[PDB]
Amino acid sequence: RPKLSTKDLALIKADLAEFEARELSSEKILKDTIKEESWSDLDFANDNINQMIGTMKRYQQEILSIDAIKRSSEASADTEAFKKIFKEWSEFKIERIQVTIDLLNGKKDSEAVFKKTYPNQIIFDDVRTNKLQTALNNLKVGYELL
């Protein structure tokens, strides 16, 4: 019987919470390098955005590798649903950071493939977030996303 402990969901709750704060500090940094801010050169940012990415990758696989999150398709409806979105919702935010720092770098590589993989960049943001957000509410983990 695939299923999540009260230990677990409090994991997801914590991990989600961290990733978002990583989303946050990522944004900050991007905004300070772009504006061209005295301490923020292309070297200062990258040691950060780089490490923040992998740290956001980390929490992600902390979640995506929950046993029941693995076995998602044989647990309840509200679970795989959540993984299915959360997989889509988490990448996007990762890619999108990745993509912007590349761009700060001369790297257009990930921007092409960006618009390829996400036809309608906002219509997706919201929709996964609205869906992730329901999906958490349905899981009954009050973590009011951003």
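Numbering starts at 1 and runs along the sequence shown.
If you average the C-alpha B-factors over 33 to 41 and over 80 to 88, the higher value belongs to 33 to 41.
Within the group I101, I66, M56, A112, the record's highest C-alpha temperature factor is found at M56. Among all modelled residues in its chain, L146 ranks in the lowest third by Cα B-factor.
For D125, the recorded CA B-factor ranks within the highest third of the chain. Only modelled residues enter the ranking. For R1, the recorded CA temperature factor ranks within the middle third of the chain's modelled residues.
Sort the modelled residues of the chain by CA B factor and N137 lands in the middle third. Annotation for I94: CA B-factor lies in the middle third of the chain's modelled residues.
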